[PDB]
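Colleague: This is the structure I have questions about; it appears just below.
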Amino acid sequence: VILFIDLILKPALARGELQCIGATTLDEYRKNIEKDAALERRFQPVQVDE
Amino acid sequence: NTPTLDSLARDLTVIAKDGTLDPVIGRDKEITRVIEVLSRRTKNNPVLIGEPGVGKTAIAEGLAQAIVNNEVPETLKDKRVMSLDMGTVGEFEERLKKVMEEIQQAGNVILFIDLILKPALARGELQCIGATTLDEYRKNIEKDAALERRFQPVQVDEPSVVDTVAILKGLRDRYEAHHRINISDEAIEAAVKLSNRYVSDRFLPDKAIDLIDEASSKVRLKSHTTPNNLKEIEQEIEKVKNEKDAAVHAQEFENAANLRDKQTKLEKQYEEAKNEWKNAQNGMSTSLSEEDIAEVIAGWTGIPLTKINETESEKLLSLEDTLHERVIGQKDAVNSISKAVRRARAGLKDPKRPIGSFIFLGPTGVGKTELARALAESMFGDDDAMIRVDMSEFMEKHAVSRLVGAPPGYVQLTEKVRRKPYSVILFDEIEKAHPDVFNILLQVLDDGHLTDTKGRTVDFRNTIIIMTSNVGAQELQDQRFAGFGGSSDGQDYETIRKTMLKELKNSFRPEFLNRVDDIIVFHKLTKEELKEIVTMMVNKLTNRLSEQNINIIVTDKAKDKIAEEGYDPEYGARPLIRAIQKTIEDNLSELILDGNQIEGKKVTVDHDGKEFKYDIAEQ
Amino acid sequence: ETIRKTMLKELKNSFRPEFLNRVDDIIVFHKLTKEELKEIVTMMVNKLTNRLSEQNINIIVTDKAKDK
């Protein structure tokens, strides 16, 4: 099952067990994800444009 | 087992023991530094000082690794490194009250923060490792006497490029076994060189591990596709299955036997083709060459793949030929700088001193600006990678804190140069700048680096420093009109250099000019020199009109006619630019605007003496 | 072009000369004369007639009044 979310669940990705495909905006990705070292090496940003 | 601290922080020894993360490679020179400070009686709280991105997080990870590997000394033996997370956080101080009590009672937990607790440091019962930046270290930590005598500053700088090579070799096994790509040894040193050459906003080594991941996957995904052998038969399997469904529900079992036999037969051939295809793929090795490394970085900055693939071997040898493409005339200035620059790049002089250090003297608008732009394109391949700072706005003393950095407490050149280390710095009207500015400029020529108010040290070893001074142009233009029927262009370049050198030091400091390798003086533009400039503009339009496929040819008679109209030695090539636009571009635009009258043809412009005649003919 | 060069150096005297290099062309406005204002008055008369499209009122002003 491929997890899909649109940013508790921080340990779910620390162990590399779940495969979540986020859909959060760039503003939120730099708000509570980039500042956290735990979530920095877990989410790979994908640049999608028009 | 400090239950309170286990719920408000993250343990490092748990991750190190499990081994689920990549161990730190190359930071062996910093693990001993941390334990050395911790063994001190006083000031045993080292602080990781550096810009965020150099890899200060890996310092704590490596320290916990020594416990598992039995490398820590007896004093630090059987200890767990704990890092407090600031994302989880009066009521705020309630949680940390019990956390700090357990640290002292246990005696084996090493605190690690990223900055109530100041009195705790004075007791010396807690061994905390701060991670504040350099800018905040001299603002909030230095101002406090208690914290100054309890925290030991430790500098964490960017590792060398050669050191990064060993870092990538450590992770070779994890990459080859994952992408199934045989990584070549030569690609390790080439990838790190290219990553540092172009990208400078992330430092090392974070830009060396992710660069190979995409390059190796580029050839892995390419080699994992069907080579027009299995897709054709794969569709045949699906279509036959659709026929069978019509042989049952339509009560027509006569064709059911034929479809059943054909479907099974196609399965055998499809499986055989798939099996034999992967056997050859396993035998061959899809190695990752250095070519794929440059492809990934090509799209990040927009630099063409051809420029990146250059080995920088014969570019310096033919530098004079390259610079003459965009600069016409004054060949002496081209050869003077070509021989000077090749000495610094090889390593014949001090590497810290700037590669380029020259002074430009001559009339304005004669082509000095054009020559400066040639250095950026010929060396770095980017025309806009040239930071030009003018001294027109730096005449007053209040502008000294502008090009070096705003003082702390408020809201230029030092910041821009960091993002583009490989850029040409050009100065305009250096003779009309405040004297205090020259103090900072001299430090670049001798030391080679500058530090802003935040403490960050930028590098100027990859910059070319050229100061174009308009002084002494009056003497240069007087020699041209000194003799009737001739000029000073026939005079040797050394004679002009010595005569203008005295005037250069008349208004400038004597010792300042000693650091300049060669003095470059421009010449004047004659009749024949301006004629070739007109040819450059015409060919520029033809190349720019490659999409419209227009062949533009101008007769030599028209070139002379337009050259004399805009002939003005006082300015130079500036008047010629206006003349070309109001003569060639005015009529060229009308033809295109008239439903593309000229397209895939040849257009010739000839001057008959009074006007310009336009001829339309096929190509 | 003759007046352009005299004022071009003045423009870069206070601003950065490099800033004017990026600019393609420089436009300098002239000063209105006596007869140039007369045609401007004719322009405004047609504007009033266009305003009264529903009323369809035709507005005609002699050049004697325009110059006066």
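Protein chains in written order, with this note's numbering: chain A, 108 to 157; chain B, 872 to 1490; chain C, 348 to 415.
Note that CB positions come from ideal geometry on N, CA and C, so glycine has one too.
Verify whether the separation of the beta carbon atoms of residue 861 (chain B) and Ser1207 (chain B) is less than 7 Å.
Modeller: Because residue 861 (chain B) is not part of the residues shown, which for chain B are 872 to 1490, the question remains open.
Colleague: So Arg363 (chain C) contacts chain B; which residues on that side make the cut at Cβ distance below 7 Å?
Modeller: Here the neighbours are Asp1261, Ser1263, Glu1264.
Colleague: Using DSSP bridges, identify the partner residues of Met1257 (chain B).
Modeller: Residue pairing by DSSP puts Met1257 (chain B) in a beta bridge opposite B:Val1295.
Colleague: Taking only three categories from DSSP, how would you classify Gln1023 (chain B)?
Modeller: strand
Colleague: Using a beta-carbon distance below 7 Å, is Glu348 (chain C) in contact with chain B?
Modeller: yes
Colleague: Is there a Cβ of chain A sitting closer than 7 Å to that of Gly1041 (chain B), yes or no?
Modeller: no
Colleague: Kindly indicate which residue of B:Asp1479, B:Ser1184, B:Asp1389 has the alpha-carbon position closest to the one of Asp1427 (chain B).
Modeller: B:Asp1479
Colleague: So, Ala880 (chain B) versus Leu955 (chain B), is the Cβ gap smaller than 7 Å?
Modeller: By the CB criterion at 7 Å, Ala880 (chain B) and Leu955 (chain B) fall inside the cutoff.
Colleague: Can you check DSSP and say which residues form a bridge with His1478 (chain B)?
Modeller: B:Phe1483
Colleague: Tell me which same chain residues have a C-beta within less than 7 Å of the C-beta of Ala1062 (chain B), skipping the five on either side of it?
Modeller: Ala1079, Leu1082, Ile1083, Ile1164
Colleague: Once the 5 residues before and after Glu1436 (chain B) are set aside, which same chain residues still bring their CB inside 7 Å of it?
Modeller: When the five nearest sequence neighbours on each side are left out, the beta carbons in the same chain lying within less than 7 Å of the beta carbon of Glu1436 (chain B) are those of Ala1450, in order along the chain.
Colleague: For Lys142 (chain A), go through chain B and note every residue whose CB falls closer than 9 Å to its CB, in chain order.
Modeller: Taking the beta carbon of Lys142 (chain A) as reference, the chain B residues within 9 Å of it are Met957, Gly958, listed in sequence order.
Colleague: Where are the beta strand (DSSP E) runs, 3 residues long or more, that stay fully inside the segment 1295-1368 of chain B, in chain order?
Modeller: 1295-1299, 1320-1322, 1328-1330, 1335-1340
Colleague: For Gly1227 (chain B), which beta-bridge partners are listed by DSSP?
Modeller: B:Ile1335
Colleague: Compare the C-beta of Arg1273 (chain B) against all C-beta atoms of chain C and say whether one is closer than 7 Å.
Modeller: no
Colleague: Does the distance from the CB of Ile906 (chain B) to the CB of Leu947 (chain B) come in under 7 Å?
Modeller: yes
Colleague: So, is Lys1102 (chain B) buried or exposed, given that buried needs 16 or more other C-beta atoms within 10 angstroms?
Modeller: exposed
Colleague: Can you tell me which of the three DSSP states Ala130 (chain A) falls into?
Modeller: coil
Colleague: If you compare alpha carbons, which of B:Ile1059, B:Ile1108, B:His1120, B:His1049 is closest to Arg1091 (chain B)?
Modeller: B:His1049
Colleague: In the DSSP assignment, the beta strand (DSSP E) including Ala880 (chain B) goes from what residue to what residue?
Modeller: 880-882
Colleague: Could you give the first and the last residue of the continuous beta strand (DSSP E) run that contains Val388 (chain C)?
Modeller: Segment 381-398 is the alpha helix (DSSP H) holding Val388 (chain C); no beta strand (DSSP E) there.
Colleague: Only counting the same chain, and skipping five residues up and downstream in sequence, which positions put a Cβ closer than 6 Å to that of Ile1038 (chain B)?
Modeller: Cβ neighbours of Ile1038 (chain B) beyond the five flanking positions: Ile896, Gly897, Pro1076.
Colleague: For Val388 (chain C), count the other beta carbons within 10 Å of its own beta carbon; 16 or more makes it buried, fewer makes it exposed. Which is it?
Modeller: exposed
Colleague: Keeping to the same chain, check which residues put their C-beta closer than 8 Å to that of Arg904 (chain B); ignore five residues upstream and five downstream.
Modeller: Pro917, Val1025
Colleague: Below 7 Å CB to CB, which residues in the same chain sit around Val1315 (chain B) once its five sequence neighbours on both sides are set aside?
Modeller: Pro1225, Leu1321, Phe1331, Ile1336
Colleague: For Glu1161 (chain B), which option in B:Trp1148, B:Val1342, B:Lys1223, B:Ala1086 has the closest C-alpha, if you only look at C-alpha atoms?
Modeller: B:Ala1086
Colleague: Please go through the same chain and pick out, in chain order, the residues whose beta-carbon is closer than 8 Å to the beta-carbon of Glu147 (chain A), but skip the five residues on each side of it.
Modeller: Here the set comprises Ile140, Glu141.
Colleague: I need the DSSP call for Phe963 (chain B), collapsed to helix, strand or coil.
Modeller: The three-state reading of DSSP puts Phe963 (chain B) in helix, counting H, G and I together.
Colleague: Can the beta-carbon of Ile1230 (chain B) be found closer than 7 Å to that of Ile1258 (chain B)?
Modeller: no
Colleague: Taking Cβ positions, are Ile984 (chain B) and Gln998 (chain B) nearer each other than 7 Å?
Modeller: no
Colleague: If you run the structure through DSSP and keep just helix, strand and coil, what is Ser910 (chain B)?
Modeller: Shown here, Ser910 (chain B) sits in coil according to DSSP, grouped into three states, outside any helix or strand.
Colleague: Just to confirm the assignment: which complete alpha helix (DSSP H) runs, minimum length 4, are found wholly within the segment 1055-1108 of chain B?
Modeller: 1057-1069, 1077-1094
Colleague: Just to confirm the assignment, what range does the alpha helix (DSSP H) spanning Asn1153 (chain B) have?
Modeller: 1127-1154
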